[PDB]
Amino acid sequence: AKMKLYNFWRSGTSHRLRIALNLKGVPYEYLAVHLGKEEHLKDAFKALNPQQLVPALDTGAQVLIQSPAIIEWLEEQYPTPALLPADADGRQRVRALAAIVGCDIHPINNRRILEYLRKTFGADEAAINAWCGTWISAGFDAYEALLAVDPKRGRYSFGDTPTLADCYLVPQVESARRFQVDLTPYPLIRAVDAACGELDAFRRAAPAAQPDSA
């Protein structure tokens, strides 16, 4: 028995979890679920995950869903390197940074939402881009402001080691680029993204590096 990651190359939440798995050095089988072909909406995937979203992680004993919960599980199950700080204040700050992305940006721009905008509200692609940029810019305004007020911060979102906040931020910056969001206002975010981009664990997790990529 071994871990199986049901996921997709060009998927922010998949990318997020791949970064965390790679940072922990945890081996996994990559099982592509082709979202463009709507494979996640088939009964076969529903049997694994009733929510019919990616990623899902089969540990060999059970199927875990929800990247935020899976990542917290990885942190506890595979201690080294730590992706959360040891102190209560730092724990809260890193979780808050992650949740800005995980709650207040990513879900709003997810495929199913954009499909609803297109099919119910008749959104064209300019309108889709304007929607996505609205939520990314609002979230990045806050994330950037938080990066600025932290005096102890190094190269990454928190301190001078990668944390789970970076696992959320990096895929979100990639989505921002996809939707042609002006990132000029976010130099601290851009610097964190660049620093993470130097690391093997992040490079190996990037959409373009995946088996199912174009």
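For every residue, the number given is its place in the sequence shown, counted from 1.
Per the PDB record, of the two stretches 178 to 186 and 54 to 62, 54 to 62 carries the greater mean B-factor over its C-alpha atoms.
The mean C-alpha temperature factor is higher for 149 to 157 when 33 to 41 and 149 to 157 are set side by side.
When the Cα B-factors of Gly139, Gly122, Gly102, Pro81 are read from the PDB record, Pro81 comes out highest.
Comparing the C-alpha B-factors of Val94, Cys132, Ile71, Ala88 in the entry, the top value falls on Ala88.
In this PDB entry, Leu23 carries a Cα temperature factor that places it within the middle third of its chain's modelled residues. Per-chain ranking of the deposited C-alpha B factor places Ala195 in the middle third. In the deposited entry, the Cα temperature factor of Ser67 sits in the bottom third of values across the chain's modelled residues. When the modelled residues of the chain are ordered by C-alpha B-factor, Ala201 sits in the middle third.
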